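**Student:** Input: one structure, supplied below.
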Amino acid sequence: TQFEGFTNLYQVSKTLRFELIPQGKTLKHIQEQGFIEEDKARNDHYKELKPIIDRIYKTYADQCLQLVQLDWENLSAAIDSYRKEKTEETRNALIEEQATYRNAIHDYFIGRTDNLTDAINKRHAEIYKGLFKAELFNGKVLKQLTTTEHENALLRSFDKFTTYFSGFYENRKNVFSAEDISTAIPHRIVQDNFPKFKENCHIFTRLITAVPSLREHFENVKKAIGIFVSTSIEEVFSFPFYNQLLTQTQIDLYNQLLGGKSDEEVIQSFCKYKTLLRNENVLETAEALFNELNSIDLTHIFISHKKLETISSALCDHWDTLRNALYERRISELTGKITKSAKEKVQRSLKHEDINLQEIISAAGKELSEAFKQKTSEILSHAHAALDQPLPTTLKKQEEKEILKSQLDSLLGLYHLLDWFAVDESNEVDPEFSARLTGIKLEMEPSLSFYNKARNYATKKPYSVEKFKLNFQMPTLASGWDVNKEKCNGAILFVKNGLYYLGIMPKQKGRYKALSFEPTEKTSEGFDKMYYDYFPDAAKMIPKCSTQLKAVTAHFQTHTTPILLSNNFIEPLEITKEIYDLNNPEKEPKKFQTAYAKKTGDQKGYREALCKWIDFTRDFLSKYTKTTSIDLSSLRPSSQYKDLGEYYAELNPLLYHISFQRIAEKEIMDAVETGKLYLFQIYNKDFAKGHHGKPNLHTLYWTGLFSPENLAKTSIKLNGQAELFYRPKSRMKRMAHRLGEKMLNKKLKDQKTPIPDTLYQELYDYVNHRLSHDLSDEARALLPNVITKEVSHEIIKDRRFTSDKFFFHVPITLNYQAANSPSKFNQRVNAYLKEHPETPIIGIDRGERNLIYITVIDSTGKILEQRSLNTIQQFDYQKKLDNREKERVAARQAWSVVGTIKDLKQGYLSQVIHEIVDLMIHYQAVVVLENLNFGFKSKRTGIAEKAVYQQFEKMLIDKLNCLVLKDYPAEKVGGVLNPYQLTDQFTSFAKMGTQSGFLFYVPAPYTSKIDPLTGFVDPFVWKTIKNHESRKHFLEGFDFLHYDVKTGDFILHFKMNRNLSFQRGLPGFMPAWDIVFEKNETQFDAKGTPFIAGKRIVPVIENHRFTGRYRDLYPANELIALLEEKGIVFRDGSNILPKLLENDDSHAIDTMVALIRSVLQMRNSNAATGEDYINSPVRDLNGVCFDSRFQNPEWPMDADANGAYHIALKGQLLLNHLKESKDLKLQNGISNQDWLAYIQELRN
DNA sequence: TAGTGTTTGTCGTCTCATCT
RNA sequence: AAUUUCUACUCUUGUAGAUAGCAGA
DNA sequence: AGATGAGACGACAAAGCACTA
């Protein structure tokens, strides 16, 4: 099983795009006929027609909801039982009960409810059937039903033209669906409004029982308005009335009984919403609510569990403190022998329940109240200071964009604060507080969309990529390329001197005139027209065109003798009665399908019927008009065919064929001149006259589609259903590099270091002698290093959108001869890997000093190669460009900068995809990524968490589904004819497992802070130790600390069976460890650059601000300094820890604990001095601790090298587990304990 | 009494309940 | 600063890589 | 928690009907 055998496995479809350049006078004819303006009127009638069409849905849905009468008592009991017992049995009971009620509403729409009679029930089915297709435009559905006359007009306007309404049809199915989707009407009734209405009835009866005078008072309010005159106040708070609360007019009356594109558009709309917040006095109402919390009962003010961790991180040291403080106080009030089961019950309770504010204060201390008060006034003051601050006049300057974002941050900050409180009625919420909070919470709700709408207004490019499809009054334009359907579709392809032209023939003067081109000899100069000949699928076409004809069926039903067909046949086709009888039996399993043989066993009759059917099929192929000549004899004899499946799989490729015939140039040019044909050259900058160099992949697909070898034997299919588009020019400010100016390169003379953006713009302005300001000192120093360029020719920025452009979307099917879908791809991958035990591993990790780092390991774990992918094609992404982008973010903190950073990240990951696939193909290795489910990356990494990287994995999977290398020849596997198929088709981010073809996924955590020589990891959770007694207990856990006089290194023997309270719970292998304090000698690497052994970089300066700045540290030096200062002897090699405890000095003990933490900190980095390395605090079997500063080629170079290398080892673990296991299945994830045990057993 | 302009044929994969 | 169009770019009226479009979040 | 199973939807030429002479 060669690695090159992973090709032609399953079909893959791609949609190529091209820009159509009108040829000759075709643009003049199109403008004269007004096809573009009519299509613009069509796409704009879409929005005009959409509300008109919605009248049908609104009316029909409203009419169906008027007859709904249900007993909601069962649904209420399922809601009560789930709130009563929080068990998974009551949850599934409620989920099923909701699905039952949703279907009860759905049966009113489709007409399958027992509550309505057959006459009414069947009338709804006749409407719901044609409710999501072209029957909306017939007026038939409207004839069953309510509309303006403009409706008739505009619905008649898309008759036989419902293509644009495709996705819209799905959006309307989401409205009437019975599934548990929030877009639907049944879901809104069952799971949204009824729990609200059910809660309203409970709030009502509780108030009336406690305060009976409130009953007559509520009744007076209902009578004084005029709503629900036939219904008393007790009945509107009873379940049967909810059946009359299913329509908007009734919902509006119910709610009223309770209640009584441009720059200036964002300023006028926000200031209108902003000035509305003053009149409602929502700030004064909010400031009054949070002031109530100082005196009201806080046992009924509840905090949402979904926000408790966020509040803990915003008001306390960590996210842990609140959940932990509540845990300790609840364990403090348990009864009897507190087992470990009772503790786990308290843990699980804190994950999914709302905590009242009093229990939080009683468990966290008075310092939370001060944090709650300070944070509340801080947010309220910023929102108060932003409502009176006026917006600027325009968004032209960045200083004016900043104040708009600043005021939105204050508005979103208050909106964030209000979502701290639980909204669900499951808790005993305060009467007045919950009403006043819910009021201002809903009045601050539009501020969230205003934040996103405003950020999108200014994080958008100056373009306008909006386009509308062109139909040319052709309902099925470019639907199929077949020559027979050429007249009905009107779309053909040409090719001339290597240039591909698209031609379409519009209707002539409102009528269909067919252009009959005359083929000539190849010696005649002219175009070459594609003669697309197709026959979709024999399995469906042969019965339809031969024996499923209505005339044939009628003749056989009425008459018995065989019939002859002389229509659409070169020679008449003889059809017998028996072939029809076999194709039309009295049982569902026909004798043709394997089901008959499976359920009967009559193999002889099965084979005889199959042979007769195949003979009839061959005769039909011979006798049919279009297939009479297409190489029918190439098939194998009919007798030995096993089943119809293989015969059709063999016959279908032979039916499809593409041929080219020379057509005189004069005829095509005269057709274009007359207006009968619209020529369009297909252009993608790879057909330009200035082109030189390897082309795009889509250009290669297009070229190889029409290659002679592909024409002779199909491998790329030209599918139908093509589309044409048109993009109006969208220019708002035209800038170009005109002749005589001076262009500045965005790179220095080294061609790898990009200029900072602001410095580049300033230098470009200065070079053209058009800068008023003097050059800055840094810019002046940078100027000698930059290279400027003269303008040879004009270069218009964003020239793509300075003129109207046509477009052509054509789909292709790569690997046409393969199967429709992959069949157990992972099993084949595992078989290949098992049969090739020496296949290397590729590990990819996101570093911190580089965006993407990769290391490849062989079967034995040796590093074959470690490379940095932060520089691609002579351009530094991480070390230079992303650093300047981050500096610009820190200097301004705008939105457009963040958007540009995201776009740059996406582009860089695209280049990384190319590099990864290149390395894959070179090494024939299996690539191991990291699954984003487990762990998260620190903010120091260049790549974000799960946002950009997760899309990168999907893009890599898609690339490897059909991988073509442009340097490879077409014939060789990997070229455009035989692409590599190395991964299964992507389905979903959650659905993909630990393996996807040659892509493996291993858990992210525990891959970087690991000693590559020993597998040692820092076991202590330093956040646990806080007090002096904790430090004493931690320090007394270790066995001894004796100073080796001969080597000058301290040895701190530690056993994993100690200090379990401070460990992370991962023993692994190696029960005992020997932590070593390296003597600070100056070691030399391969390059000879000196470095101090044992050097550590620590950020601990102050307890809270322990990350302000990194500090140098050499643990041995200050260890011996402290020992000398404290008057303790250590040169004798005696134990030191008991002496330290005997000294009982808090400063010495705290410094010792800090030293242990620092020495156990392996990854030491300092961006200011360009330092990033890992130092092992323990010795391996060789007797030396790892030090990446030695730059040993066989060991990781730096910390990112460590991460990538250990990801590769995790992938190797998975591969070895596969190899040893008999079954071809990969273990679902690797446990941290299991991985640690494996690596520590391997290293030791 | 023609003639000019949407449905069908069966097979493939998806997609919600479901036996084991 | 020139792109089916997205990123980065310029000795090269273009370069390297990626690119499955339609409708809608 | 992996299955089978009924039902629905994509593929596209050509058969085959809705309007006009």
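**Student:** For segment A:675-741 and segment A:943-1019, what is the separation of their Cα centres, given in Å?
**Tutor:** Centre-to-centre distance over Cα atoms comes out at 30 Å.
**Student:** Let me ask something else. Within segment A:689-725, list the residues whose amide N lies under 12 Å from a label point set 7 Å along Cα→Cβ of A:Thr15.
**Tutor:** A:721-725
**Student:** Enumerate the amide H contacts of A:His737 below 5 Å, restricted to partners 5 or more residues apart or on another chain; note that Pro and chain-start residues carry no placed amide H.
**Tutor:** Counting only residues 5 or more places away or on other chains, the set is A:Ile795, A:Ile796, A:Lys797.
**Student:** Also, I was wondering about something else. A:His318 to A:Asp1234: extension gain in nm, 0.36 nm per residue of separation minus the Cα-Cα distance?
**Tutor:** Difference between extended and current length: 326.9 nm.
**Student:** Given R₀ = 30 Å, what would the calculated FRET efficiency be for A:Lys676 paired with A:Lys40, taking r from the Cβ atoms and rounding to 0.05?
**Tutor:** Working from the Cβ atoms, E equals 0.80.
**Student:** Moving to a separate point now. What is the spin-label model distance, in nm, from A:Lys160 to A:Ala119 if the labels are put 7 Å beyond Cα along the C-beta direction?
**Tutor:** 3.8
**Student:** From the square roots a ≥ b ≥ c of the eigenvalues of the alpha-carbon gyration tensor of segment A:541-643, which class results: rounded (a/c under 1.5), prolate (a/b over b/c), or oblate?
**Tutor:** Oblate, because a/c is 1.5 or more while a/b does not exceed b/c.
**Student:** Taking the alpha-carbon distance from A:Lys509 and a cut-off under 21 Å, which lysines remain once sequence neighbours fewer than 8 residues away in the same chain are dropped?
**Tutor:** Counting by Cα, and skipping residues close in sequence, A:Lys509 has these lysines nearby: A:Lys25, A:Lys28, A:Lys40, A:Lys160, A:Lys485, A:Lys487, A:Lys676.
**Student:** Moving on to the next point. Throw me the Rg/Rh for chain A, computed over C-alpha atoms with Kirkwood Rh, two decimals.
**Tutor:** Rg/Rh for chain A comes to 0.99.
**Student:** Moving on to the next point. How far apart, in nm, are the 7 Å Cα→Cβ label points at A:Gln603 and A:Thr147?
**Tutor:** Computed distance between label sites A:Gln603 and A:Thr147 equals 6.2 nm.
**Student:** Sticking with this structure for a sec: Give me the number: length gained by fully extending A:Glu667 to A:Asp1144, i.e. 0.36 nm times residue separation minus the C-alpha to C-alpha distance, one decimal in nm.
**Tutor:** Result: 161.2 nm gained on full extension.
**Student:** Provide A:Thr802, A:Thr703 in ascending order of the number of other Cβ atoms located within 10 Å of each residue's Cβ, fewest first.
**Tutor:** Least crowded to most crowded, the residues run A:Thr802, A:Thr703.
**Student:** A further question on this structure: Which residues in segment A:122-152 place their backbone N less than 20 Å from a point set 7 Å from the Cα of A:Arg55 along the Cα-to-Cβ direction?
**Tutor:** Label zone hits: A:127-128, A:130-152.
**Student:** If you don't mind, another one. Give me A:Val12, A:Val1021 sorted ascending by neighbouring Cβ count inside 10 Å, so fewest comes first.
**Tutor:** Taking fewest neighbouring Cβ atoms as first place, the list is A:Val1021, A:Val12.
**Student:** Taking amide H atoms as placed 1.01 Å from N in the peptide plane, list the residues 5 or more away in sequence, or in a different chain, whose amide H sits under 5 Å from that of A:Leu493.
**Tutor:** Here A:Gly503, A:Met530 satisfy the definition.
**Student:** Residue-wise, which Karplus ³J(HN,Hα) couplings in Hz belong to segment A:641-649, taking 6.51 cos²θ - 1.76 cosθ + 1.60, θ = phi - 60°, and x for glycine or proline?
**Tutor:** 5, 6, 7, 5, x, 5, 4, 6, 4
**Student:** Where a ≥ b ≥ c are the square roots of the eigenvalues of the C-alpha gyration tensor, would you call segment A:1028-1195 rounded, which needs a/c under 1.5, or, failing that, prolate if a/b is larger than b/c, or oblate?
**Tutor:** Rounded, since a/c falls under 1.5.
**Student:** Hey, another quick one. Going through segment A:1082-1144, which GluC sites (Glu not before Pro) have at most 16 other Cβ atoms within 10 Å and a DSSP loop state?
**Tutor:** Taking segment A:1082-1144 and a limit of 16 other Cβ atoms within 10 Å, the loop GluC sites (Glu not before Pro) found are A:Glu1102.
**Student:** For the pairs A:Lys460/A:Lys797; A:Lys540/A:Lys642; A:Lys862/A:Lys1210; A:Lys747/A:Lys805; A:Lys460/A:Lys805; A:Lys401/A:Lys747, note any where the Cα-Cα span goes beyond 25 Å.
**Tutor:** Long pairs (Cα-Cα over 25 Å): A:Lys747/A:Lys805; A:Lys401/A:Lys747.
**Student:** Modelled label-to-label distance, A:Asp180 and A:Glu466, 7 Å Cα→beta-carbon offset: nm?
**Tutor:** If labels sit at A:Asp180 and A:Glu466, their model points lie 3.9 nm apart.
**Student:** Fully extended, how many nm does the chain gain between A:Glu399 and A:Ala371 (0.36 nm per residue separation, minus their Cα-Cα distance)?
**Tutor:** 6.9 nm
**Student:** Which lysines does A:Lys84 reach when only Cα atoms under 29 Å apart count, and residues fewer than 8 places away in its own chain are ignored?
**Tutor:** Cα-Cα hits under 29 Å: A:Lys196, A:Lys198, A:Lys306, A:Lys307, A:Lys337, A:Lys340, A:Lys343, A:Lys345, A:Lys351, A:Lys441.
**Student:** Principal axis lengths of segment A:708-829 from Cα atoms, whole Å, largest first?
**Tutor:** Computed over segment A:708-829, the largest-to-smallest principal extents equal 67, 42, 27 Å.
**Student:** I would also like to ask the following. Scaled to the compact-protein estimate 2.2 N^0.38 Å, what is the alpha-carbon radius of gyration of segment A:404-560, rounded to two decimal places?
**Tutor:** Taking the Cα Rg and dividing by 2.2 N^0.38 Å, one obtains 2.17.
**Student:** Students often get this wrong: which residues of segment A:782-815 have the backbone nitrogen under 17 Å from the point 7 angstrom along Cα-to-C-beta of A:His769?
**Tutor:** A:788-791, by backbone N distance to the label point.
**Student:** Still on this structure, please answer the following. At a Förster radius of 45 Å, what calculated FRET efficiency corresponds to the Cβ-Cβ distance of A:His202 and A:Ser1061, to the nearest 0.05?
**Tutor:** With a Förster radius of 45 Å, E is 0.45.
**Student:** Name the long-range amide H neighbours of A:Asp482: under 5 Å, sequence gap of 5 or more, or other chain; modelled H, no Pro or chain starts.
**Tutor:** Amide H neighbours of A:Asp482, under 5 Å, 5+ apart: none.
**Student:** Calculate the FRET efficiency for A:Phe3 and A:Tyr169 from the Cβ-Cβ distance with a Förster distance of 56 Å, rounded to the nearest 0.05.
**Tutor:** With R0 = 56 Å, the Cβ-Cβ based efficiency is 0.80.
**Student:** What residue among A:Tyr968, A:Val898, A:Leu929 has its Cα farthest toward the positive end of the dipole of segment A:869-979, where the charges are +1 on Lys, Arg and -1 on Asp, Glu, each on the Cβ?
**Tutor:** The one lying farthest along the dipole's positive direction is A:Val898.
**Student:** Taking Cα pairs under 8 Å and at least six residues apart, what relative contact order does segment A:541-643 come out at, in percent?
**Tutor:** 23
**Student:** Something else: Going by the alpha-carbon gyration tensor, a ≥ b ≥ c the square roots of its eigenvalues, is segment A:742-790 rounded (a/c under 1.5) or, if a/c is not under 1.5, prolate (a/b greater than b/c) versus oblate?
**Tutor:** Oblate.
**Student:** Hey, another quick one. Summing -39500 (n - 2.57) over the DSSP H runs of n ≥ 4 in chain A and dividing by its residue number, what mean residue ellipticity at 222 nm do you reach, to the nearest 500 deg cm²/dmol?
**Tutor:** -13500 deg cm²/dmol
**Student:** Which ordering of A:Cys545, A:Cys201, A:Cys488 is given by a fewest-first count of other beta-carbon atoms within 10 Å?
**Tutor:** Final ranking by Cβ density, sparse to dense: A:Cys488, A:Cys201, A:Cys545.
**Student:** So what's the gap between the Cα centers of segment A:367-440 and segment A:587-629, to the nearest angstrom?
**Tutor:** 74
**Student:** Tell me which of A:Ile575, A:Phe616, A:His559 sits at the most positive position along the dipole axis of segment A:541-643, charges placed on C-beta atoms (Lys, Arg +1; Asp, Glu -1).
**Tutor:** Positive-most Cα among the choices belongs to A:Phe616.
**Student:** In whole Hz and in residue order, list the ³J(HN,Hα) couplings for segment A:358-372 that follow from phi through the Karplus curve 6.51 cos²θ - 1.76 cosθ + 1.60, θ = phi - 60°; x for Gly and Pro.
**Tutor:** 5, 5, 5, 5, 5, 9, 9, x, 5, 6, 6, 4, 5, 5, 5
**Student:** Report, in whole Å, the centroid distance computed from the Cα atoms of segment A:45-120 and segment A:789-848.
**Tutor:** Going from one Cα centre to the other spans 45 Å.
**Student:** Right, next: Pairs A:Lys824/A:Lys1219; A:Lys749/A:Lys879; A:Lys261/A:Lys959: which are spaced more than 26 Å apart, C-alpha to C-alpha?
**Tutor:** A:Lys261/A:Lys959
Every number here is computed from the coordinates shown, using simple stated rules; none is lab data. So basically every Cβ, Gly included, is an ideal-geometry build from the backbone, and we count neighbours across all protein chains shown.
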